[PDB]
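**Q** From the sequence below, what's the structure:
(chains A, B, C, D, E, F, G, H, I and J)
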Amino acid sequence: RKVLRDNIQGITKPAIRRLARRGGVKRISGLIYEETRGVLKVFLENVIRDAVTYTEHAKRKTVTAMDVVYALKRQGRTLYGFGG
Amino acid sequence: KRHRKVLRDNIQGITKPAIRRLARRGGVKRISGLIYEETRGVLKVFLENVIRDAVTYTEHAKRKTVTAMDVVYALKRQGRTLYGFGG
Amino acid sequence: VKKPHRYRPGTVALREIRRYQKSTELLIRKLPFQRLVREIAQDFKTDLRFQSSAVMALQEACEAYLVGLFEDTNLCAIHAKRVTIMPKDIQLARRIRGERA
Amino acid sequence: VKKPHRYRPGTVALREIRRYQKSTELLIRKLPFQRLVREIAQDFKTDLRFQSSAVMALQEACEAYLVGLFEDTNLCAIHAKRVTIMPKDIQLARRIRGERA
Amino acid sequence: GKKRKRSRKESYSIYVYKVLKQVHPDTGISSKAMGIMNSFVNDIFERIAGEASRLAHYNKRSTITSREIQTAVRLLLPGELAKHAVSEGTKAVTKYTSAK
Amino acid sequence: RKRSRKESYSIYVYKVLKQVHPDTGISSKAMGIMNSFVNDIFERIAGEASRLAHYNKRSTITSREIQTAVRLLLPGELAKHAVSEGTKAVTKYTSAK
Amino acid sequence: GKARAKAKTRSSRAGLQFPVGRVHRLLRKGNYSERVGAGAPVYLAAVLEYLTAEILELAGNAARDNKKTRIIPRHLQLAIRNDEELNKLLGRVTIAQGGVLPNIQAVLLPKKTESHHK
Amino acid sequence: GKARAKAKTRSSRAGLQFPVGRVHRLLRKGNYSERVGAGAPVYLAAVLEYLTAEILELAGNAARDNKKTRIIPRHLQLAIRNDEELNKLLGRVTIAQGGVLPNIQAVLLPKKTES
DNA sequence: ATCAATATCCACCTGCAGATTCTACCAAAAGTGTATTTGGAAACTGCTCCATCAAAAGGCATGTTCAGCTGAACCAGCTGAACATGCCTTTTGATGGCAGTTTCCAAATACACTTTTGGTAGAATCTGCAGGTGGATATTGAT
DNA sequence: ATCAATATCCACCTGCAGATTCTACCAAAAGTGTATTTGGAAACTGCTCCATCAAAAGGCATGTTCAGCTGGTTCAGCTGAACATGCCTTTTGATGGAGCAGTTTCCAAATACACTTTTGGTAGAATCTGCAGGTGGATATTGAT
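**A** Residues are numbered from 1 along each chain as shown, chains lettered A, B, ... in the order given. Take a look:
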């Protein structure tokens, strides 16, 4: 198991641009990208935090799609299409 | 004609200075003249939805009196939970 | 008539802010609110009655909703390099919170 | 021709908008997202495994969240008589939604 | 215990396909979409049953009847959708009670 | 059977207040807010525990489901202290049978 | 003694396609109430059928406009967001592989040929 | 035969002030699970007690700050909104007669060159 | 408003990745027959609310005055969008212990009953604080 | 900066409506003993995650130019904040009375329990077919002049 470090930078500038394009944004300041990365990291942390908690209750070491769906549900971001 | 006088043009009882005061509690220093009518409409939309749900609870219980608990539950479903009136 | 005092625009507004943010009393008159409530309920069901505490609860909820919206509106106004809130600020605040209609 | 052809700024962006709003494929790369997820998860629990569908679910949620925020951000930018989104627009939108940052 | 162990998993898929064939005879549906509709149905199920439970408990009633379902529908669903759903439910209960 | 029979958490809130700040009273309105608060957190924890048990096909609510619900529902530093208090209470209860 | 008349089902009696029996079992199993009346699952099944038909109807219309005979998630998202009431009910739901509705703010469009006035 | 050792409440055994029997009754009555374990209500009662003590502590501190000996709703709202974790947990809750926190946006105040 | 390049849409065309269709199996629905619980009809209680009205009251409405805001226009220069190279970094395809059954026996907990006694409604008691005077201090504006 | 004009905070006193205590009592917590459920070890087991490598292949980090957007500056028009009177709707405090929430009893009606019989719904293996991608033209876009 290799330690993972400095990986938020793999979410490149053009991918963030593409997402902004889907949002209808025409022009983007250069400082937006790092801010966006931080926002995403916080969201992800909270979801993973809850998903692993469900995992730990069941004494399982594999995070399922349903664990994520429930974590998202309690954060008000219900996701359809990955089960139940 | 027994009771229940018909209620008409009562939204004007939410006067300009009361709205101004609420805006002041919100930290607003200067207010355009067109804000007031819009605000009145916004409040009516909120209330209608709340009363709609409150009266529904009333009807299920076969009651003719709206209780505080009915309102609290109606507000809960709109994500604006109110504390202090029981439950 | 001689040398009358007059405060500049903004000083009294700030004094009113300080006053109302220090206190907790309800700012809308009870009776007109009662009449509004009865009118709205009447359009759904006739001859309804109301407990006094139900109306007080609705008043608390309504005022909390408006204060929160005016705070968000003020941030939108300041964002546009303005100090005066306008209808377009409320519509934006309502759109982002998801209170669309 | 003597000079290579070049579209003016504000045309290719629109073409990209129409293209990505017409399609549904995921716009973030699978591999760096999966690595980031594992990195975040590592600080909470050791020796974790992940189902592939868990990562696809997280990616759909993340992109939908960012898209919604960029829509609201764009309306905040336009509100200030600008066409360029800035960090202050994101901070305002997140403040109005009630998110802690 | 059989030689080849294999589980069971229920879904609303077959009923959605019957309804689809009723509304659009010359139309299919992908597996992902069917999964989305199953998720949708499950969500509305949980919402209505949970709300009906809450209503019954506040009024100290131990039975969930068609009345609580109707009320739940009126609270969760908006306007004309609520009116048409209510009409279909009432029609169904009336046909059931007679068609013993 | 006269006049009626109600119930509240009033007496227990006053004891905690007297233990933490001996020289302090409480208004009736404030006590009502705390009772509403307690009922709300009760419903939230029990409801989440119910959902967890249903997802794991378990018909019993144990101290594990409450603990997990607390970690999901309460934020950061608040959850660790609450969990520590609950754990100490459970160990003292099982010891003092 | 016994006759054992041939089996009929509640969905057939109510004139519905959705399973009344299963909904009944799901209500009993799930801690909703201690007991469940006979009419509740019929009404609920009918409501679910109406909502399913409405969604599938609109998605099928969007599918025909795109000249596709099979419904994909995109067509359901388009159907939901173009219907005011479904959008309200599903205001906080994400449809996987659904995308978003096309919508460009007028201000983002080029000036016009009025800028190319010649 | 029967001796009937005297009763002792579960709260005292757990070292708590909040009850246990009632919480157990409320879990059974409310369709949460078919059965409820003995430890669940102790843990829950302890959690409710800690959070209550936290609110009452901060509210009494605000009371002394205003030189008042009795807690009113205003003090509870001030306590919650000035505490990041309580504000997050109770972000969508309205405390009646609570008012709001004092907060004026810096750019709306007059410029401080006035003398 | 004609001209070069451009991207994008429109008609055939194929095999293939699902999507539909069809047999066998079985958990799970439905059908009888009893027991056990109920929500609705009726009656009786008394108590919370409603209509309306006589008298302050402080709140609101109109009507004046004006400092200061908004919105529009204009310009320096900085910003980020298009676009050409060539390279990392990603994509696909091979290759080599933990989630899900089955059993168990035993920790844990339902169910009925009796016993104790803690909590709660209400009469008495207490007491913190709104309210009201009054003095001394902090903000404010014109000058 | 200097100084009259208004607000704000504190010190003090006093009656009192709301908060705290003492009775009384009764429905619910708690201990005891049967009987019941299912949770954690312990042993399969099969299947699907994890590294690892190798051959592509294309998207993006770098670097370049240059249209045009932002934000600073000025400033004219208007326009809401502030304030002086006079109406006048809200507040209080009764007075009458009226009908409806709450509780109790009894009931035919309705649902669970327990067993047996029977079949639609799932799982897997066989056919159907709609379309991602590719090929070839035709025409709306954009821009330069």
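**Q** what are the phi and psi values for residue A:81?
**A** According to degrees, to the nearest 10, the main-chain angles of residue A:81 amount to phi 110, psi 0.
**Q** Check whether it really touches residue E:32, as I assumed.
**A** Yes: assessed by CB atoms under 8 Å, residue A:81 is found in contact with residue E:32 at 6.1 Å. Every C-beta, even on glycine, is put in place using the N, C-alpha and C of the backbone.
**Q** Common neighbours of these two, please.
**A** In the contact map built from CB atoms under 8 Å, 6 or more residues apart in numbering or on different chains, the residues linked to both residue A:81 and residue E:32 are G:73, G:96, G:97.
**Q** and residue C:39, how many neighbours does it have?
**A** When neighbours are counted by other CB atoms under 10 Å in any protein chain shown, residue C:39 registers 16.
**Q** quick one: the longest helix along chain G near chain H?
**A** Once chain G is assigned using DSSP state H, the helix that runs over the most residues is helix G:40-65. No: using CB under 8 Å from any CB of the partner chain, helix G:40-65 never reaches chain H; the gap is at least 14.9 Å.
**Q** show me the contacts for the closest residue to residue G:41 other than its chain neighbours.
**A** What sits nearest to residue G:41 in space, not counting adjacent residues and going by CB to CB, 6 or more residues apart in numbering or on different chains, is residue G:23, at 3.9 Å. Residue G:23 makes contacts with E:45, G:41, G:44, G:45, as judged by CB under 8 Å, 6+ apart.
**Q** rewinding a little: restrict the shared contacts of residue A:81 and residue E:32 to contacts with chain F.
**A** Checking the shared contacts of residue A:81 and residue E:32 against chain F (CB under 8 Å from any CB), there are no matches.
**Q** Let's have those in JSON lines, adding distance to residue D:31, secondary structure and neighbour count.
**A** As requested, those are arranged in JSON lines below (distance: CB to CB, whole Å; DSSP: H, G, I helix; E, B strand; the rest coil; neighbours: other CB atoms under 10 Å in any protein chain shown):
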{"residue": "G:73", "distance to residue D:31": "24", "secondary structure": "helix", "neighbour count": "21"}
{"residue": "G:96", "distance to residue D:31": "20", "secondary structure": "coil", "neighbour count": "22"}
{"residue": "G:97", "distance to residue D:31": "20", "secondary structure": "coil", "neighbour count": "19"}
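**Q** Considering only chain C, name the residue that lies closest to chain G.
**A** Residue nearest to chain G within chain C: residue C:98 (5.9 Å; CB to the nearest CB).
**Q** measure that residue to DNA strand J for me?
**A** Relative to DNA strand J, residue C:98 is positioned 26 Å away (criterion: CB to the nearest atom of the strand, to the nearest Å).
**Q** what's around that residue, how many residues?
**A** A count of neighbours around residue C:98, defined by other CB under 10 Å, yields 11.
**Q** nearest spatial neighbour of it, skipping sequence neighbours?
**A** With CB to CB, 6+ apart as the criterion, residue C:98 has its nearest non-adjacent residue at 5.9 Å, and that residue is residue G:91.
**Q** First-to-last residue distance for stretch G:100-114?
**A** With CA to CA, to the nearest Å as the measure, the ends of stretch G:100-114 fall 32 Å from one another.
**Q** starting at the chain centroid, how far to that stretch?
**A** 32 Å (CA atoms, centre = their mean, to the nearest Å).
**Q** How about residues contacting it?
**A** Residues from elsewhere that reach stretch G:100-114 (CB under 8 Å, 6+ apart): A:22-24, A:26, D:10-11, D:14, D:17-18, D:21-22, D:67, D:71, D:74-75, D:78, D:83, G:77-78, G:81-82.
**Q** packing partners for the longest helix of chain G?
**A** The helices and strands touching helix G:40-65, judged by 3 or more CB pairs under 8 Å, 6 or more residues apart in numbering or on different chains; DSSP states H and E, are helix E:13-23, helix E:31-58, helix E:66-76, helix E:79-98, helix G:10-14, helix G:20-28, strand G:70-71, helix G:73-81.
**Q** Any residue of that helix touching DNA strand I?
**A** No: contact of helix G:40-65 with DNA strand I (CB under 7 Å from any atom of the strand) is absent, the minimum separation being 8.7 Å.
**Q** Show me which residues of that helix are buried.
**A** Neighbour-count burial for helix G:40-65 flags G:40-56, G:58-60, G:62-63 (criterion: 16 or more other CB atoms under 10 Å in any protein chain shown).
**Q** same check, this time on stretch A:29-49
**A** By 16+ other CB under 10 Å, the buried positions in stretch A:29-49 come out as A:32, A:33, A:36, A:39, A:40, A:43, A:44, A:46, A:47, A:48, A:49.
**Q** And stretch G:100-109, by the same measure?
**A** Applying a neighbour-count criterion of 16+ other CB under 10 Å, one finds G:100, G:108 buried in stretch G:100-109.
**Q** So that stretch, near DNA strand J or not?
**A** No: against DNA strand J, stretch G:100-109 shows no contacts by CB under 7 Å from any atom of the strand, the least distance being 8.6 Å.
**Q** near DNA strand I, anything from that stretch?
**A** No: in this structure, stretch G:100-109 remains apart from DNA strand I according to CB under 7 Å from any atom of the strand; the gap is never smaller than 10.8 Å.
**Q** start to end distance for that stretch?
**A** From start residue to end residue, stretch G:100-109 stretches across 19 Å - CA to CA.
**Q** and if you look at stretch E:57-64?
**A** End to end - CA to CA - stretch E:57-64 spans 10 Å.
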